[PDB]
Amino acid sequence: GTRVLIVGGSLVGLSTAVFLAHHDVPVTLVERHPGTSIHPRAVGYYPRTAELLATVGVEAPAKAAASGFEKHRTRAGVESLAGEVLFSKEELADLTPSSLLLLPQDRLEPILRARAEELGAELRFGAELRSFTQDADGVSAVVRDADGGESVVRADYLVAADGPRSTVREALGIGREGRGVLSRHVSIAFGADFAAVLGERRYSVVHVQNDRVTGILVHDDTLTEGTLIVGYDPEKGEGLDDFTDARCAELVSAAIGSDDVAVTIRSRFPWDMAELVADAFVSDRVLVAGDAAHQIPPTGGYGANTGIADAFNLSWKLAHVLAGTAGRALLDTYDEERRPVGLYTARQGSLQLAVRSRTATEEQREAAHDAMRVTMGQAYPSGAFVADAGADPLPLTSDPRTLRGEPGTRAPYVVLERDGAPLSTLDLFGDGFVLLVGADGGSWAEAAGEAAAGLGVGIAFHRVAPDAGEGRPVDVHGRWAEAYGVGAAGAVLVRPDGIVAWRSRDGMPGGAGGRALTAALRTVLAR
């Protein structure tokens, strides 16, 4: 019944459910909590993340939800929201059609949950993974339901999206490396009448510091929901268990500073600022994604972005393995591609925290990359792609504006029109393998047909030409070939995650094209 089991119904588990169900993989997700967290948690989704979400129709509703928060421009430090304001303060179009999406996680997760359900994912909230075993043929997961009933779920694979203290990662005996836990926090979600203390003021984030509380205060778009994130110090013997119902009510009222405002405490969750990355992201039939694979310091919000990109990398790979169109070795490329990105991103998170806290060395400032380089400029060191002979390999990340279709990088964004309606290369990706060819590459259609039939895998062919007739994509400024680093007779094979798999810079005469594409796609698919 269930081919992939997902543990965790937070951002990465739900992203995995959407991407898997998009690729028509039967999915069961278990989440111990009775629904999605109301905590805002990570709030910034970079353009690359938005492009990923675009492929499953989540970017549009997420942008709609984000416009509600767009007036929240002011960052402030205050004694309390009602009291003294200490301080306050407030072009990618050639690279990406997406902008930074400023939407709290508690608003993105319902959109993902809704889309996974639409696509036919089975989501079980109030369901706890107790333990699992795996064998040559599959995974057997003990799940305890909301009624305390147990049952054993049999899946082909298990994706562990079960967060930083992942009992799955620990049960596999996967260790982690990195600088470790930097500070311990509690996120306190509450309802309150914010409008009565804000008046016309709208904040992105408020730093609260008075004698009774220090922490970070946020209010939602409706002005009815907030979150106070406070530190505790274990070397004073303080712990999560000190954050009682009464203690949470005291901290929030101290942060608001009014007492006429009625506060309803919803829930408290622990959260650590940490730099910890799993030594391996794949163990036989278990894949580890998101916070379970990498705890990333929050400065820059790279963690949430990195986890959605993990879900996107692994989901089509499971689909092809489960379809028998790929060898099981294709799953190991999830580890190959994503672990180095995870470890690099965790270190970039640590640099950003150092720079932000004004404790960075000049070397740390020199090492710190733009968020666009960190999230859109990746070149995987190796994995499910064929590198260009002779080509100087790329470093793990570059200025994404400098990328020109190198295998292991994001297939570049080129603006197209189809029947006068705007399109881009990115719209062609996300469903299946795609072969793009230049104006002089009409013969690559037959090569795509030959490769597709040989390997029993779909290949969508699009010649990209600056005239193109009815129903075909027009390259309206003739930039496709230069952007994809090929000649007008060349072709580029793009994976279902929009990463370049292979290219031919030049034409290939007769059946040579078909033979070369079949060989390349056979390597990519571990066959």
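Note that residue numbering follows the sequence shown and begins at 1.
**Q** Are any deposited residues left out of the model between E235 and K236, and how many (none, 1 to 3, 4 to 9, 10 or more)?
**A** The entry has no gap there; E235 and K236 are joined directly.
**Q** On mean C-alpha B-factor from the PDB entry, just flag whether 106-114 or 253-261 is the higher one.
**A** If you average the C-alpha B-factors of 106-114 and of 253-261, the larger mean comes out for 253-261.
**Q** What stretch has the higher average Cα B-factor here, 44-52 or 64-72?
**A** Result of the comparison: 64-72.
**Q** Which one of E59, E31, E470, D497 shows the biggest C-alpha B-factor in the PDB entry?
**A** Within the set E59, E31, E470, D497, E470 shows the top C-alpha B-factor.
**Q** Just to confirm, going by the entry's C-alpha B-factors, which of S357, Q348, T333, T425 comes out highest?
**A** Comparing C-alpha B-factors across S357, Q348, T333, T425, the maximum falls on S357.
**Q** Based on the entry's values, in what third of the chain does the Cα temperature factor of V486 lie: lowest, middle or highest?
**A** Middle third by C-alpha B-factor.
**Q** Based on the deposited C-alpha B factors for this chain, I'd like to know if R373 is in the lowest, middle or highest third.
**A** Lowest third of the chain for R373's C-alpha B-factor.
**Q** Taking the values exactly as deposited, rank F87 by C-alpha B-factor within its chain and report the matching third: lowest, middle or highest.
**A** It belongs to the highest third of the chain when residues are ordered by C-alpha B-factor.
**Q** How does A278 rank on Cα B-factor within its chain, lowest, middle or highest third?
**A** Its C-alpha B-factor belongs to the lowest third of this chain's values.
**Q** Pull the Cα B-factor of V18 out of the PDB entry and bin it into the chain's lowest, middle or highest third.
**A** For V18, whose C-alpha B-factor we compare with every modelled residue in the chain, the answer is the lowest third.
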